[PDB]
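*Asks:* Structure provided below as structure tokens; questions to follow.
Here Cβ is always computed from backbone atoms with ideal geometry, including for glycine, and neighbour counts include all displayed protein chains. Each reported figure results from applying straightforward, stated rules to the coordinates on display, with no laboratory input.
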Amino acid sequence: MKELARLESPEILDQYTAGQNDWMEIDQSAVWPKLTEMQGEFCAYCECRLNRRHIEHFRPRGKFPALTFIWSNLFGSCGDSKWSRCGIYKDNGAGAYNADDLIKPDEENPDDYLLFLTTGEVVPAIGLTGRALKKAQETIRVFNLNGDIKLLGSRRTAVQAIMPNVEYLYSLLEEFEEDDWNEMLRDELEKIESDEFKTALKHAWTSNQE
Amino acid sequence: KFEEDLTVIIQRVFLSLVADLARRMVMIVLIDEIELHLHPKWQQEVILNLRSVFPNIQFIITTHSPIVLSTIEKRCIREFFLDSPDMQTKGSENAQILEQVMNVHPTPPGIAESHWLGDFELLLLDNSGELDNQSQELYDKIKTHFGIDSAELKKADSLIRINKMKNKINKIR
Amino acid sequence: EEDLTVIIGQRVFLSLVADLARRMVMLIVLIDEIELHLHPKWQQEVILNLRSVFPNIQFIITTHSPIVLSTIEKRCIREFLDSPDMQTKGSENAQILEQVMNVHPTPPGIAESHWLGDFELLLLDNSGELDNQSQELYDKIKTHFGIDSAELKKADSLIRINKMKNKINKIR
Ligand SMILES: [Zn+2]
């Protein structure tokens with residue numbers, strides 16, 4: 001999960017208002033050119049590469065009438081309805097996910113409630129307690145980020161294929177200077193922006209801003 | 001829905017089967033569990049030996065191992081509306097045709113000794129990065145249960161250095 | 001040993017367990033090829049369900065599957081009879097395959113397997129630069145495996161570590 005930034009809203013979601021209208025009658029081709037600008041070409045919840053894409057409502061469309069044509073509630077998930085990860089699993093799968101106890105990528109930095117170890121596991125952050133710990137333990141459970149073998153297996157490979165690359169940059173740290181090494185680290189953190197699991201790598205590179 | 005040459009649906013016995021097939025032909029072949037009583041270094045050279053002897057005979061082999069899959073192309077796999085996978089199995093490692101085509105983790109999930117390494121990082125990210133007593137008693141148990149040569153110790157000693165330098169730069173700030 | 005001895009050279013498990021339990025209640029087990037007809041997912045939890053449902057009984061099994069060896073200690077592995085030099089309890093099924101069974105991770109016969117390693121060799125044969133021949137092989141890695149596979153996410157991490165190595169050397 002990254003910290004998506006919702007800037008503007010598609011114009012198409014203004015001639016449609018909840019109630020009389022239905023989500024089906026919306027031309028989703030006019031929404032994607034805006035979602036792709038916000039979250040890039042990656043899933044909002046797991047940061048995989050969107051190849052089988054669909055539009056998900058953070059709060060479902062059945063338990064929350066209204067908010068169905070509201071821009072704030074629309075994200076892009078990685079499973080089309082022709083799956084066992086975020087999106088499809090958030091509805092078919094997990095059976096109780098009261099929406100308050102979930103991380104909204106575009107309103108809550110999903111780095112205070114998530115830690116991506118170099119083994120590809122998403123464990124709650126360090127030291128969280130109370131309600132802040134339930135948010136992490138629920139977003140890791142309703143958006144499967146530790147219980148899907150095809151995702152946990154695809155993030156171990158992506159986070160460990162660069163582990164030898166990380167160990168060298170930090171190895172050549174006490175020999176180099178602060179400015180040059182920081183520039184090299186930036187260049188290494190400016191290339192994961194266009195790579196899968198942009199945040200799993202960033203946590204293996206510097207930290208979850210701790 | 002089948003292919004033309006291979007359709008994989010996910011030594012004495014194999015030789016007897018080959019001899020029987022050759023005798024029948026000289027006078028389609030749907031093998032079941034091609035990897036039956038075959039050491040791993042006879043599974044990655046079985047599909048390539050079943051075509052060399054028989055050039056043109058459609059095969060409907062069914063398998064359970066991730067090794068005979070690494071000698072087959074993606075288009076030939078048929079999971080169970082059967083649907084082909086989303087990775088190229090031909091040439092792929094026999095630890096990702098298992099994870100991403102058969103849903104089986106590399107390390108056992110039920111063995112408490114496999115989690116150790118992935119748990120040892122947590123005891124290092126909690127203490128700001130440096131080692132402590134509760135973490136050093138899990139590093140030793142990794143250096144006494146996996147021997148001092150193995151990848152498990154080579155990854156635990158890579159976490160130690162990376163997180164000791166990741167806390168060094170953080171400290172300078 | 002005393003509990004388990006694997007000598008390396010769920011429905012199916014049902015009848016076996018049922019017969020063993022019936023014989024035990026009515027009153028050493030030679031369990032050959034405990035990986036027979038078992039999906040690689042049930043092979044990871046076969047010896048843990050036999051040391052739990054049958055706590056006090058000596059088991060001698062015959063095995064040529066890396067997964068079921070990953071759930072056994074090295075003290076119980078008697079390969080054709082000295083035990084291996086690596087601990088096979090919690091190790092990756094790809095390192096129990098290379099070091100205990102002498103089977104390379106990728107097939108030797110498939111010429112598409114010697115592409116990542118050949119890529120490393122070519123890239124280190126030019127001092128870390130993608131000149132003209134390693135670039136062609138890298139293009140063939142992407143076109144065959146995928147835009148993001150294990151064989152290309154590893155190839156792209158070599159082109160970067162080598163670039164950094166060259167940059168640092170040019171400064172030193
Ligand atoms: Zn996703």
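*Asks:* Starting at 0 and stepping by 10 Å, how many percent of the alpha carbon pairs of the range B:112-171 end up in each bin?
*Replies:* 24, 56, 18, 2
*Asks:* In chain A, if the dipole is taken from +1 on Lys/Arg beta carbons and -1 on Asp/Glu beta carbons about the Cα centre, which of A:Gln15, A:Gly93, A:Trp71 is farthest to the positive end?
*Replies:* Value: A:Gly93.
*Asks:* Largest first, please: the extent of the C-alpha atoms of the range A:11-205 along each principal axis, to the nearest Å.
*Replies:* For the range A:11-205, the Cα extents along the three principal axes come out at 67, 35, 29 Å.
*Asks:* Still on this structure, please answer the following. Calculate log10 I(q)/I(0) of the range A:24-120 for q = 0.17, 0.24 Å⁻¹, where I(q) comes from the Debye formula with a single equal point scatterer on each Cα and nothing for solvent.
*Replies:* -0.82, -1.65
*Asks:* When you take every Cα atom in the range B:8-102, what is the radius of gyration, and what is Dmax, the widest Cα pair distance, in Å?
*Replies:* For the range B:8-102, the Cα-based Rg and Dmax read 13.5, 43 Å.
*Asks:* When averaged across all projection directions, what area in nm² does the alpha-carbon convex hull of the protein assembly as shown cover?
*Replies:* Numbers: hull surface 130.0 nm².
Value for the protein assembly as shown: 32.5 nm².
*Asks:* 222 nm [θ] for chain A, helices only, -39500 (n - 2.57) per DSSP H run of 4+, per residue, to 500?
*Replies:* Details: 7 runs with 65 residues, N = 210.
Calculated at 222 nm, the ellipticity per residue is -9000 deg cm²/dmol.
*Asks:* For the range A:1-70, what are the per-bin percents of Cα-Cα distances with bins 5 Å wide, up to the bin holding the maximum?
*Replies:* P(r) over the range A:1-70, rounded to whole percents: 3, 15, 25, 25, 20, 10, 2.
*Asks:* On to the next question. Give me the net charge of A:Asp148's neighbourhood, meaning all other residues with Cβ under 13 Å from the Cβ of A:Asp148; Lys, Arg count +1, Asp, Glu -1.
*Replies:* Numbers: positive: A:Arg85, A:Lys90, A:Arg141, A:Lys150, A:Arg155, A:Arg156; negative: A:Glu121, B:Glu99.
Counting the neighbours of A:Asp148, the net charge comes to +4.
*Asks:* Calculate I(q)/I(0) for the range A:64-173 by the Debye formula, one identical point scatterer on each C-alpha and no solvent, and give its log10 at q = 0.14, 0.16, 0.17, 0.19 Å⁻¹ to two decimals.
*Replies:* Reported log10 I(q)/I(0), two decimals: -0.68, -0.85, -0.94, -1.10.
*Asks:* Separate question: In the calculated pair distance distribution of the range A:95-160, what percentage of Cα-Cα distances lie above 13 Å? Don't jump to the answer; show the numbers that get you there.
*Replies:* Numbers: 1340 of 2145 pairs.
Above the 13 Å cut-off, the range A:95-160 has 62 percent of its Cα pairs.
*Asks:* Computed over the Cα atoms of the range B:17-59, what is the ratio Rg over Rh, Rh following Kirkwood? The partial results should precede the final answer.
*Replies:* Numbers: Rg = 10.9 Å, Rh = 11.3 Å.
My calculation of the ratio gives 0.96.
*Asks:* Take the Cα coordinates of chain C, assign each an equal point scatterer, and use the Debye formula without solvent to give log10 I(q)/I(0) at q = 0.09, 0.13, 0.17, 0.20 Å⁻¹.
*Replies:* One equal scatterer on each Cα of chain C leads to -0.50, -0.77, -1.00, -1.22.
*Asks:* Looking at the range C:4-99, send over the antiparallel percent of its DSSP beta bridges, to the nearest 5. Before the final figure, lay out each step's value.
*Replies:* Numbers: 2 of 12 bridges.
Roughly 15 percent of the DSSP beta bridges within the range C:4-99 come out antiparallel.
*Asks:* Distance check, please: which entries in A:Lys34/B:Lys171; A:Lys104/B:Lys143; B:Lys154/C:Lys41; A:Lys90/C:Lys41; A:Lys150/B:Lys155 exceed 32 angstrom between their Cα atoms? Display every interim value, and only then the final one.
*Replies:* Details: A:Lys34/B:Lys171 41 Å; A:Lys104/B:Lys143 41 Å; B:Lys154/C:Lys41 27 Å; A:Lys90/C:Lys41 25 Å; A:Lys150/B:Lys155 22 Å.
Table pairs above 32 Å Cα-Cα are A:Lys34/B:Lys171; A:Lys104/B:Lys143.
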